[PDB]
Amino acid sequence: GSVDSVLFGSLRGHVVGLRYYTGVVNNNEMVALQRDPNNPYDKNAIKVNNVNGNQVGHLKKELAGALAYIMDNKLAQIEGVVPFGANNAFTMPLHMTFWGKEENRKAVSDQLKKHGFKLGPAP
C-alpha cells in the first residue's frame, strides 16, 4: 500500500506447532510474523503471533528457511492472514501477501526460487 511500494504476490502456507502454544486466532484475522533468531532448533525460525501479540505457532520450517533471509534483509514486507481453519488442532492455513520496492523484487524472487517456492498473484 505504502506509496513507492507495490504488491509483489502471495504465498499460501501453514502455521504449525499449534499444540505447543496457547495463543488463539479468529478467521479472517491478521497475524504477525516475527523472526526468532535465538531459536535453539532453527536459526531461521519465524514465530506467528496473534494481533494481541501472543504466540500461536511457527511457520513451517521449509517456508521459514526461505523467508528468514527476506525478513532479515528487509527485502519485502510480508502480511499474514488466516483465511479459515482458525480452530484447527495441529496446523492452520495462512495466506501471506508480499509487497515492497522493485529494486528488491528480483532478490525476493531468486530467494524463493532457490528454495523451491514461487509467488502467486497478489494479494
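From 1 onward, residues are counted along the sequence shown.
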property: Higher-scoring stretch by recorded Cα B factor average, 59-67 or 25-33; result: 25-33
property: 47-55 set against 73-81, stretch whose average Cα temperature factor tops the other in the entry; result: 47-55
property: Where the record places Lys106 (Cα B-factor, split into thirds across the chain); result: highest
property: CA B-factor placement of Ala86, once the chain's modelled residues are sorted into thirds; result: highest
property: Ranked C-alpha temperature factor of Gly1 among modelled chain residues, by third; result: highest
